[PDB]
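Residue numbers (the authors' numbering): 3 to 81.
Beta carbons: idealized from backbone N, C-alpha and C, even for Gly.
Working notes, structure below.
Below, the structure is given as structure tokens:
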């Protein structure tokens, strides 16, 4: 009832880290564990983003068509 957004590319790399840095650095918040790894992501190689990225893309793409359809006549009161 409204296709929302999926991953970013970072999103995958991020999930994978969330615990790992939050445990190693238990002095961060969800905005620090995210800020730190966010930077990492930016400088994770790029060739190390691609693997994750491809997923984020595939899903955002799906969404965009599922919403395009949602509105097309997908909705609870559309069918």
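(request) Would you tell me roughly how many angstroms separate the C-alpha atoms of residue 31 and residue 81, rounded to the nearest one? (result) 43 Å
(request) Taking residue 59 as part of the alpha helix (DSSP H), name the residues at either end of that continuous run. (result) 52-75
(message) Going by DSSP in three states, residue 3 sits in which element: helix, strand or coil?
(response) coil
(request) Quick one: residues in its chain with C-beta nearer than 6 Å to the C-beta of residue 51, no 5 flanking neighbours on either side, listed in chain order? (result) 11
(request) Indicate whether the contact test is met: 3 or more Cβ pairs, each with one atom in the region 34-49 and one in the region 66-77, closer than 8 Å. (result) no
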